[PDB]
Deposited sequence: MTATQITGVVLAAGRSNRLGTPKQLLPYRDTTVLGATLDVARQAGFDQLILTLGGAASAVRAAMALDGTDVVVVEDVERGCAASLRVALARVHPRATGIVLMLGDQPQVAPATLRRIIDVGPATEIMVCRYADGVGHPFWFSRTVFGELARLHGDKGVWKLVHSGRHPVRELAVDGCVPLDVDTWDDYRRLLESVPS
């Protein structure tokens, strides 16, 4: 295809209240991050970029990351910034996913890949609010690269400065994993 769509999985966030990397927690016969990547690999992306942080070497030693462009750093301004540097020139935008959200359906990724490109920004509307995955056109890469402060991406996708479109998705906004209680909730799904 003359144009491409790139998937970006952000997984650089730390695991301060766990005592072990959240990316490598067991989930469904694989890891939390592994399951997320497995889902992304079914979506039909032309390129898949993964960002990692302190846990990079441990993740690299535990997980096979062939087919994925891995970017290491020391809403996630720096991580997203350095992911953008790897985006293929023929990509017309990115689909943004979080590494600790393995419950996103491959169908949802296929849907946003399908209708997203006709929008500047697209978010998913679940029963209980707005969530990932997000789509961002190349026309906002510059703004993404200049994100700062707390909740920069979230602020952007709720900003009236761009025509943010919505994809209807069943179920609830994907669960994050920062605590063990979060992890139990995940396991019970």
No C-alpha positions exist for deposited residues 1, 76 to 79, 195 to 197
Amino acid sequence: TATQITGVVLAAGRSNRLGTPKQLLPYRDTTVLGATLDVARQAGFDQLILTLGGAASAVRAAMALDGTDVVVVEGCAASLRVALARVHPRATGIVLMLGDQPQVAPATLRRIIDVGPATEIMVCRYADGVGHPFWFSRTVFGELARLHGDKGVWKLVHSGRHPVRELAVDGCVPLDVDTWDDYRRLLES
From here on, numbers count along this sequence of modelled residues.
Of 93 to 101 and 77 to 85, the stretch with the higher mean C-alpha B-factor in the deposited entry is 77 to 85
Once average C-alpha B-factors are taken from the entry for 160 to 168 and 144 to 152, the winner is 144 to 152
When the entry's CA B-factors for 46, 38, 120, 128 are compared, the highest one belongs to 128
In terms of its chain's C-alpha B-factors, the third that includes residue 177 is the highest
Split the chain's modelled residues into thirds by Cα B-factor; residue 26 lands in the middle
Temperature factor at the Cα of residue 5, chain-ranked in thirds, falls in the middle
Residue 52: CA B-factor among chain residues, third -> middle
